[PDB]
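See below for the structure under consideration.
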Amino acid sequence: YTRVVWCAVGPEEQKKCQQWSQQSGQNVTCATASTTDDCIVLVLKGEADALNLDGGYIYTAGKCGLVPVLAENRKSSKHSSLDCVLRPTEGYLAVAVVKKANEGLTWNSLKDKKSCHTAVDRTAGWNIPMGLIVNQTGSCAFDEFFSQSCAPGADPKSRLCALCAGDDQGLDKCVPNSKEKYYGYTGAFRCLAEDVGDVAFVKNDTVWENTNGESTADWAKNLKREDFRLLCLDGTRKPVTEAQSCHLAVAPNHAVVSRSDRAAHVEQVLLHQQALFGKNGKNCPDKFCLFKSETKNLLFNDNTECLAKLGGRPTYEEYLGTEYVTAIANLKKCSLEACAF
Ligand SMILES: *[C@@H]1O[C@H](CO)[C@@H](O[C@@H]2O[C@H](CO)[C@@H](O[C@@H]3O[C@H](CO)[C@@H](O)[C@H](O)[C@@H]3O)[C@H](O)[C@H]2NC(C)=O)[C@H](O)[C@H]1NC(C)=O
Ligand SMILES: *[C@@H]1O[C@H](CO)[C@@H](O[C@@H]2O[C@H](CO)[C@@H](O)[C@H](O)[C@H]2NC(C)=O)[C@H](O)[C@H]1NC(C)=O
Ligand SMILES: *[C@@H]1O[C@H](CO)[C@@H](O[C@@H]2O[C@H](CO)[C@@H](O)[C@H](O)[C@H]2NC(C)=O)[C@H](O)[C@H]1NC(C)=O
Ligand SMILES: CC(C)/N=C\[C@@H](O)COc1cccc2ccccc12
Ligand SMILES: [Fe+3]
Ligand SMILES: [Zn+2]
Ligand SMILES: [Zn+2]
């Protein structure tokens, strides 16, 4: 009680966690796994308490009895009167992004192109676009739709991993952690920016955060918003300013999950942790900021303003929404209920 073990995915999340652990006075400690699924297993066993998950994994976790505790909440124009912790979460926009110079590439001509996914089983990077594609083609052969992909977490020797690059040394090709060059929102967008892939499946925010000087990372320094287009489902292409009307779906925010028996305790610690290291935390800019990691989205997305209370004490199914749960169920038919472990 009062002590929470956080599960870090990969070495860079471990390093961030160790620092947070140090600054928390060991009120938070760290477990590390190579994959998010392994972190989920550590939580089930009771060897870790919590990690922040994409909605695709909240679905995995939820079937195993884990619960949403607090959600990532980003910058808002509406509800602005309300305190961030009490403000409802809005959801992010899942988009398909292409290079402008790649003229005449539309939603309807993606077959045999090269693709960049955040990771297998993630909302924007996988579940939404491949759910749409399985539906549209009436085929479960989503391994044969694109000529080559980087989809971290797929078989490293299938074409779904052909475009993945591994780490500094070429090791760890296609691992679903940040050692993979093209892992996650930032990695998938980089995959597109370097013209390894033709399309990246990311969220609206990723384009903005890595273009027009917002990043300063060497691959992203010279990236310009006007050089990218969104692919809409009507066959159109739009500027990245038109995400409201050109997206694949609205995605439930990333959320902290814990075993239901630990939820209350995890919630209490985390609220106090963000008072100290969150956006206006006592200690953030000065000693440690929970929600920064130079564009890398380690443990939390860099654009998190705060972690919000849920309210309505939602199950994972109500948190994800029936719309999203049925999408995943339908897609998982290709690869009807149980915990995977
Ligand atoms: C790909 O297609 C599948 C199969 O249709 C989609 O599942 C279908 O989509 C709709 C939208 O969620 C579901 O209909 C709804 O269901 C409830 C009660 O059934 C109803 O009250 C709603 O107003 C709405 O009519 C439908 O259940 C579902 N069909 C099946 C067989 O499950 C799936 O969503 C698609 N995948 C993606 C990413 O679009
Ligand atoms: C580690 O956790 C303990 C217990 O929650 C914290 O101790 C409390 O600190 C606050 C602020 O200093 C006080 O108002 C309480 O009276 C303390 N006692 C309790 C409730 O046990 C401690 O601050 C935490 N350390 C860090 C740096 O996060
Ligand atoms: C797409 O994402 C971007 C980046 O998150 C959003 O632009 C931000 O909007 C907030 C408040 O709405 C502003 O205060 C920020 O300055 C913007 N960020 C940057 C870096 O430009 C944009 O609103 C999103 N669009 C949609 C349709 O959701
Ligand atoms: C008690 C419940 C209803 N309240 C908190 C959560 O459900 C919020 O979850 C959600 C978070 C983000 C997007 C979402 C889209 C549809 C439905 C729920 C979403
Ligand atoms: Fe996501
Ligand atoms: Zn919409
Ligand atoms: Zn409920």
Side-chain angles (χ1 to χ4, degrees), residues 52-62 65-76 78-79 82-96 107-108 110 115 117-118 120-142 145 151 185 201-205 231-234 243-244 246-258 260 263-264 266-267 270-271 300-301 303-337:
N52 181 47
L53 290 182
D54 171 81
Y57 298 132
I58 290 174
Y59 177 90
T60 301
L66 299 205
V67 300
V69 170
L70 289 165
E72 277 179 2
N73 222 6
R74 78 192 167 277
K75 256 122 278 306
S76 288
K78 197 178 192 292
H79 290 99
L82 283 172
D83 190 71
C84 185
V85 181
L86 303 159
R87 190 200 313 144
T89 64
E90 299 192 41
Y92 56 90
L93 304 179
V95 297
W107 183 260
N108 306 307
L110 282 183
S115 65
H117 307 266
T118 57
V120 161
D121 279 357
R122 286 179 57 157
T123 306
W126 189 266
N127 292 348
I128 295 315
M130 301 292 106
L132 291 163
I133 283 161
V134 163
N135 277 9
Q136 279 163 22
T137 67
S139 167
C140 281
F142 55 63
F145 193 76
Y185 295 119
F201 297 103
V202 289
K203 61 166 158 178
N204 159 59
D205 311 89
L231 303 186
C232 328
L233 293 170
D234 61 7
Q244 272 276 64
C246 185
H247 56 261
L248 310 184
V250 177
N253 293 350
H254 290 200
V256 180
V257 300
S258 82
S260 65
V266 168
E267 190 179 316
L270 272 181
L271 288 179
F300 302 93
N301 286 315
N303 64 1
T304 309
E305 191 203 320
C306 80
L307 304 168
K309 297 184 186 211
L310 290 169
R313 287 192 195 262
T315 62
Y316 79 97
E317 263 173 9
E318 302 169 302
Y319 181 81
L320 298 179
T322 330
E323 190 174 36
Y324 186 46
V325 171
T326 51
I328 301 158
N330 276 306
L331 178 62
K332 293 280 199 190
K333 289 245 260 292
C334 288
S335 266
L336 203 75
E337 68 156 75

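Whatever order the structure lists ligands and atoms in, that order sets their numbers, starting from 1. Here, residue 1 is the first one in the sequence, and each next residue gets the next number. The basis for the numbers below is simple: all heavy atoms, side chains too, and nothing from hydrogens, waters or symmetry mates.
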Under 4.0 Å to a heavy atom of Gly312 - the qualifying atoms of ligand 4, by number: 1 (C)
Atom 38 (C) of ligand 1 [closest protein heavy-atom partner, distance rounded to 0.1 Å]: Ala327 CB, 3.5 Å
Those atoms of ligand 4 less than 4.0 Å from some heavy atom in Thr89: 11 (C), 12 (C)
Student check: side-chain heavy atoms of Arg74 and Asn253 closer than 4.5 Å: yes
Exercise check, heavy-atom protein proximity under 4.0 Å to atom 36 (N) of ligand 1: yes
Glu318 neighbourhood, listing ligand 4 atoms whose heavy-atom distance to it stays under 4.0 Å: 7 (O), 18 (C)
Any non-hydrogen protein atom less than 4.0 Å away from atom 9 (O) of ligand 1: no
For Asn253, atoms of ligand 4 separated by under 4.0 Å from a heavy atom: 12 (C)
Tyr316, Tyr92, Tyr319: member with heavy atom nearest to atom 8 (C) of ligand 4: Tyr319
Between OG on residue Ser115 and CD1 on residue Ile133, distance to nearest 0.5 Å: 7.5 Å
Shortest protein contact, atom 30 (C) of ligand 1 (heavy atom only): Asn330 ND2, 3.8 Å
Nearest protein heavy atom with distance in Å, relative to atom 12 (C) of ligand 4: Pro252 CA, 3.1 Å
NZ/NE/NH1/NH2 to OD/OE distance under 4.0 Å, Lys332 and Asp121: yes
Nearest-contact summary for atom 12 (O) of ligand 1 - protein heavy atom, Å: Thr326 OG1, 3.6 Å
Heavy-atom protein contact below 4.0 Å for atom 14 (O) of ligand 1: no
Polar contact flag for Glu323 and ligand 1 (N/O pairs, less than 3.5 Å): no
Atom 17 (C) of ligand 1 touched by protein heavy atom at under 4.0 Å: no
Pair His254 and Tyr185, ring centroids less than 6.0 Å apart: yes
Between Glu90 and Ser76, a side-chain donor and acceptor under 3.5 Å: yes
Polar proximity ligand 4 side, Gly91 side, N/O cut 3.5 Å exclusive: no
Distance flag for atom 5 (O) of ligand 1, protein heavy atom under 4.0 Å: no
Ionic contact status for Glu305 with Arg87, cut-off 4.0 Å: yes
Under 3.5 Å: donor-acceptor pair, side chain of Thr304, backbone of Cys306: no
Least distance between heavy atoms, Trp126 atom then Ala151 atom: CZ3-CB, 3.7 Å
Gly311 neighbourhood, listing ligand 4 atoms whose heavy-atom distance to it stays under 4.0 Å: 1 (C), 2 (C), 4 (N), 5 (C)
Donor-acceptor under 3.5 Å (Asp54 side chain, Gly56 main chain): yes
Nearest option to atom 1 (C) of ligand 1, as decided by whichever heavy atom of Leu132, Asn135, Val325 sits closest: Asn135
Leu248 vs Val95 side-chain heavy atoms within contact, under 4.5 Å: no
Nearest-neighbour protein heavy atom for atom 2 (C) of ligand 4, which is reported as residue plus atom name and distance: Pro314 CB, 3.2 Å
Residue pair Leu70 / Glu267, side-chain heavy-atom distance below 4.5 Å: yes
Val250 side chain reached by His247 side chain, heavy atoms, under 4.5 Å: yes
Atom name in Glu318, limited to N/O/S, at shortest distance from the Zn ion (ligand 7): OE2
Closest protein heavy atom (residue, atom, distance) for atom 16 (C) of ligand 4: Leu320 O, 4.3 Å
Atom pair OG1 (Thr123) and NZ (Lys203), whose distance is rounded to the nearest 0.5 Å: 10.5 Å
